[PDB]
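Here is the structure we will look at, set down as structure tokens.
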Amino acid sequence: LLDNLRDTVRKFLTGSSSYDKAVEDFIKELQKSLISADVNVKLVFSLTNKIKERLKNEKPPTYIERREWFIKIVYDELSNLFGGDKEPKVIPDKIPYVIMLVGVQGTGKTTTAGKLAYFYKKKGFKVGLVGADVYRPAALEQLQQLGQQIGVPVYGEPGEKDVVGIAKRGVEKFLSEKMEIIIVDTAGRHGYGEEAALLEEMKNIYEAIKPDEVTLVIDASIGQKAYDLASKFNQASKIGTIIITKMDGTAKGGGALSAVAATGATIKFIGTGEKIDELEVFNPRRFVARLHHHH
């Protein structure tokens, strides 16, 4: 969406027609591209109405061209659509720090667990990974391969299906090894649409491990349908954050980000590609800044 918004911006700034038609043309194209990105239509309409209103109340500061000022207001409001200017807290100040990853099946989460452990190893922490995703049988082997490849130890119990016992033995072992960051990879038996049961089901793992942070991993190709789960996830704990993965393998990452941001939850990271280091700290203002036409 942003790379497509770049070209629309360019067409708007290299001053073709009247201003008002240039603006009209741009808003239609924005509305169209956001619909295509699966953003909820009510957010698409509010966004453009808010843009149009700022433009009627806020003349450009002196020295600022009108078209430049229009674009500044569009960029500020795209950022607000994805959650607004905010820089999450990504380095823990309590050690040890236990992070429980949760989510529906297939959210780029075992990869996400290795990517998170890599991020924190690079930061100089001592991390241990707990492979408690026991529905998928491949998840553990996959985790053990990541760990081995990135030099972080992986606790896992081949063929075991008590996720609560695995998470509790793995955390206790890592806490005894005096690990500083402990990442517990868990999935869930439900999909999107079955949010109450998904959440209920996270409860006994959580109580067992008493993590410092619970992180819901969302695949971005769910789009705007991430809303319900994210909303209920976020209300259910004071320590919940969200990771949106696979932003590069969908057209619907704007729908997913905008739908999560509508809940107010914290999107701490986004997963961009499949490579181990492609996990980035997320700030809507920076995310939007990437396409700025003055660079």
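Once you wrap a convex hull around the alpha carbon atoms of the range 226-295, what is its projected area averaged over all directions, in nm²?
That works out to 5.5 nm², a quarter of the Cα hull's surface.
For the chain, find the longest principal axis of its Cα atoms and tell me its angle to the long axis of helix 253-263, 0 to 90°, nearest 10.
80 degrees
Given an 8 Å cut-off on Cα distances and at least 6 residues of separation, report the relative contact order of the range 1-87 as a percent.
27 percent
Starting from the Cα gyration tensor of the range 4-57, take the square roots of the eigenvalues, sort them a ≥ b ≥ c, and report rounded, prolate or oblate (rounded when a/c is under 1.5, otherwise prolate if a/b is larger than b/c, else oblate).
Oblate is the answer for the range 4-57, as a/c is 1.5 or above yet b/c matches or exceeds a/b.
So if I place +1 on the C-beta of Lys and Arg and -1 on the C-beta of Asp and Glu, and nothing else carries charge, what would the dipole magnitude of the range 1-87 be about its Cα centre? I want it in debye, nearest 20.
240 debye
Net charge around residue 161, counting only other residues with Cβ within less than 12 Å of its Cβ (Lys, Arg = +1; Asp, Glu = -1)?
Result for the neighbourhood of residue 161: -2.
What net charge do the residues around residue 247 carry, taking every other residue with its C-beta under 10 Å from that of residue 247, with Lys and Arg at +1 and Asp and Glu at -1?
Neighbour charge sum, excluding residue 247 itself: -2.
Where the centroid of each part is defined by its Cα atoms, how far is the range 221-295 from the range 9-56 in Å?
Taking the Cα centre of the range 9-56 as reference, the centre of the range 221-295 is 22 Å away.
Tilt of helix 2-13 relative to the longest C-alpha principal axis of the chain, in degrees (0 to 90, nearest 10)?
With rounding to tens, the tilt is 10 degrees.
Give me the orientation-averaged projected area of the Cα convex hull of the chain, in nm², one decimal.
Spelled out: convex hull of the Cα atoms, projected over all directions, averaged, 16.1 nm².
Within the P(r) computed for the range 139-189, what percentage of the Cα pairs occupies the region above 16 Å?
41 percent
So for each of 188-198, 147-157 I average, over its residues, the number of other beta carbons within 10 Å; can you give me the resulting order with the highest mean first?
Descending mean neighbour count gives 147-157, 188-198.
How large is the charge dipole for the chain, taken about the Cα centre, if only the Cβ atoms of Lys, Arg (+1) and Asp, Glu (-1) carry charge, to the nearest 20 debye?
About 700 debye.
Considering only 135, 279, 23, whose Cα is most displaced toward the positive end of the charge dipole of the chain, charges sitting on Cβ of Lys, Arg (+1) and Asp, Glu (-1)?
Selected residue: 23.
Starting from the Cα coordinates of the range 38-97, work out the convex hull volume and express it per residue in Å³.
Enclosed volume per residue, from the Cα hull, is 140 Å³.
Take the chain, connect every pair of alpha-carbon atoms lying under 10 Å apart with a spring to form a Gaussian network, then pick out the residue of 233, 12, 282 with the largest mean-square fluctuation.
Fluctuation is largest for 12.
Could you tell me the extents of the range 22-148's C-alpha atoms along the three principal axes, largest first, rounded to whole Å?
57, 32, 20
GluC sites (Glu not before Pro) within the range 216-295: which are DSSP loop residues with at most 14 other Cβ atoms inside 10 Å?
274
Step through the table entries 203/232; 42/225; 28/268; 32/52; 232/275; 89/161, compare each Cα-Cα distance with 23 Å, and write down the pairs that go over it.
The answer is 28/268; 232/275; 89/161.
Note down the net charge around residue 17, summing +1 for each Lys or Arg and -1 for each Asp or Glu among other residues with Cβ under 14 Å from its Cβ.
That sum, taken over residues with Cβ under 14 Å, equals +1.
Sort the following peptides by mean Cβ neighbour count (other Cβ atoms within 10 Å, averaged over residues), highest first: 202-215, 106-119.
With the highest mean Cβ count within 10 Å placed first, the list reads 106-119, 202-215.
Since every read-out is calculated from the coordinates, none of them should be taken as a lab result. Quick reminder, even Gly has a Cβ in these numbers, built from the backbone with ideal geometry, and neighbours come from all protein chains shown.
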